[PDB]
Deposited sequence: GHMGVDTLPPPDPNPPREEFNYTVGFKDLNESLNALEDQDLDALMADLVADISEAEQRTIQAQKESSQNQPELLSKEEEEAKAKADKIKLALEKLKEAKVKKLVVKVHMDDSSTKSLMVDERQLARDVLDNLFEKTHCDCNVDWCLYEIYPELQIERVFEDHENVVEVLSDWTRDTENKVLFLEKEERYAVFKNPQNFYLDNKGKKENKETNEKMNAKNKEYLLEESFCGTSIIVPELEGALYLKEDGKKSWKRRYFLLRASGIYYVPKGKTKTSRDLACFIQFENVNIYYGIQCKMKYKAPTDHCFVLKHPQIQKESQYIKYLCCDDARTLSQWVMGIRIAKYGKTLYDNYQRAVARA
């Protein structure tokens, strides 16, 4: 019932040289906002140099991180992020700084350059929590960009649960109820074998708790199917260049990985779809499954800011 293991059996700045460079990278109002919290022309260059040193003598309390966020146009922004802040808050901060259009597609996006995987942050996720799993010498980056797939189901619920008013009923039925209705989603995918550049086609089914399969005949798709993986154990990511790197049949790949793992590992599960549409279906479906009603709330909170 538990399925495959996603783990083997039983930092203060991210994107900067040291705590100094990160604080030197803060905007004016932000540096002053930190000073306000921390306590309880040539003169500017020296006064803000002392604010730095004063601030650098400030530990305990609500723990803080300075996070470099990478923008569309290759610029960056350094944000103060304490451990109570969700992606929703960091987003709200980025909407103020950038004066963007505040559409629902804007999101934080993590990239793992070594593992070549990437995913949206969900808006309810604790930013510090996510970044804590990263190593000291990490290549990982946080991006601010538009991903119009992130709330696909809420814009077009008919495209996943296989008119303005009917969409409403579908979502209310699917989300605004006693329990979440996960899309009826089943099909063949290619599962990468542990530690090998080889892939096997298996028939898989989406359930609220995880991905399930038909073991070996066992009455085909009956109701005594086995558990491949539970969603509580993993985040879902896009896999990049799985074709070239692992001989994946296609480049339409998702990756299921425990947050903690930061290196090539056989506990990381790679799945390959036949086309881009099947990938889209599975990613949205697994996200609906894992996050349920929270995802719907995330959507509603975003539409309010639009």
Check: Could you give the ranges of the deposited sequence that carry no C-alpha coordinates?
Finding: 1, 12-20, 51-78, 201-215
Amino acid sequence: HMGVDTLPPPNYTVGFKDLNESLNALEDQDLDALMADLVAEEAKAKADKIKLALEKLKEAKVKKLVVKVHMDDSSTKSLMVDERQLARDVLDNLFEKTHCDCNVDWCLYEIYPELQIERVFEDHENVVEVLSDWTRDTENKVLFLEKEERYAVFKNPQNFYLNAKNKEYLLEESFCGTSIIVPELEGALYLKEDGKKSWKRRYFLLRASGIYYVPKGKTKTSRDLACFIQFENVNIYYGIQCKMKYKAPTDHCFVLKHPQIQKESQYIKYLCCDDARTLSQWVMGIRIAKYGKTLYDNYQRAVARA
From here on, numbers count along this sequence of modelled residues.
Next item on the list: Would you tell me which stretch averages the higher CA B-factor in the PDB entry, 15-23 or 284-292?
Entry: 15-23
Next item on the list: Tell me which of 179-187 and 217-225 has the higher mean C-alpha B-factor in the deposited entry.
Entry: 217-225
Check: For the listed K269, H70, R277, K63, which has the peak Cα B-factor recorded in the PDB entry?
Finding: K63
Item checked: Residue of maximum C-alpha B factor among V255, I240, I261, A36, per deposited coordinates -> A36
Next item on the list: Pull the Cα B-factor of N166 out of the PDB entry and bin it into the chain's lowest, middle or highest third.
Entry: highest
Margin query: Quick check on the deposited entry: does the C-alpha B-factor of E149 sit in the lowest, middle or highest third of its chain?
Written below: lowest
Next item on the list: Would you please rank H99 by its C-alpha temperature factor against the other modelled residues of its chain and give the third it falls in: lowest, middle or highest?
Entry: middle
Margin query: Ranking the modelled residues of this chain by C-alpha B-factor as given in the entry, is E193 in the lowest, middle or highest third?
Written below: middle
Notebook entry, point to check: Among the chain's modelled residues, which third holds the C-alpha B-factor of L57?
Noted result: highest
